[PDB]
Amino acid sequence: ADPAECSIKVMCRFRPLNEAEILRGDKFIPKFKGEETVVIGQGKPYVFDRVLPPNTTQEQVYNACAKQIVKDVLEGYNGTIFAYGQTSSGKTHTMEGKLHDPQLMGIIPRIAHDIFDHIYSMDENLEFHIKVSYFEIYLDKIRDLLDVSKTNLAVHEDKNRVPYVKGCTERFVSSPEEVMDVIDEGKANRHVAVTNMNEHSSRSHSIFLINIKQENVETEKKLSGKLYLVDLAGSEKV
């Protein structure tokens, strides 16, 4: 069958001014036009797949940026969502938010719930196997957040010649709560041997990987899709 072409989607989220910006009286610079454009002063317009103003709720972010990825992964595509932007621009708010709060939780916890809501309604002939892994990269070294004794995991290539982290803990999960248990576990473990979490989290990448495998027991076909959910280190210059 022939493959399809698809562009990398780009959504831009402007968070509200922060406590220091408001107390310093900072002006709000962006100007919005329609659902996709933003202009900074007299500069040329920037057009994205979506521009999300400060008044966007976490659930509106999720619908605009991640809801489709979950459907795509459940059809057997590989899918990746990464957040990018300078330290304090809102990356962790976006990918995690307040993890267990229904209104403030971010993208990762909402995907943890939505993957199960879709699976419960799928075809009765399918058998599912979902394994998650949680790791970080700091000074070009990979530490397993589910086993912090492993602080230099290597990258190898899988059977489709695709790079993957070798030797990383993998946990099979069968509910949104089991996914959130892994995240809670890795969040706590990450403080181990870190002497400043504010600085560390700003200079490190956090990667949550959800590997979704499906088998049609009648047709004998299998689909699989790896969904990478990445919270990059800050992109600011020295």
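In this text, residue numbers run from 1 along the sequence as written.
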field: Entry-level comparison of average CA B-factors, 172 to 180 and 30 to 38, reporting the higher stretch
entry: 30 to 38
Residue stretch of maximal mean CA temperature factor, 11 to 19 vs 217 to 225: 217 to 225
message: Highest Cα temperature factor in the entry, among the options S133, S121, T80, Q86: which one is it?
response: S121
message: Looking at the C-alpha B-factor values in the deposited entry, which of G97, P102, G76, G90 comes out highest?
response: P102
message: Test of reading the entry: by CA B factor among the chain's modelled residues, which third contains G186?
response: lowest
- prompt: Based on the entry's values, in what third of the chain does the Cα temperature factor of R203 lie: lowest, middle or highest?
  reply: lowest
message: Ranking the modelled residues of this chain by C-alpha B-factor as given in the entry, is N196 in the lowest, middle or highest third?
response: lowest
- request: State the tercile, meaning the lowest, middle or highest third, of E5 with respect to the CA B-factors recorded for its chain.
  value: highest
- prompt: If you rank the chain by CA B-factor, which third does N55 end up in: lowest, middle or highest?
  reply: middle
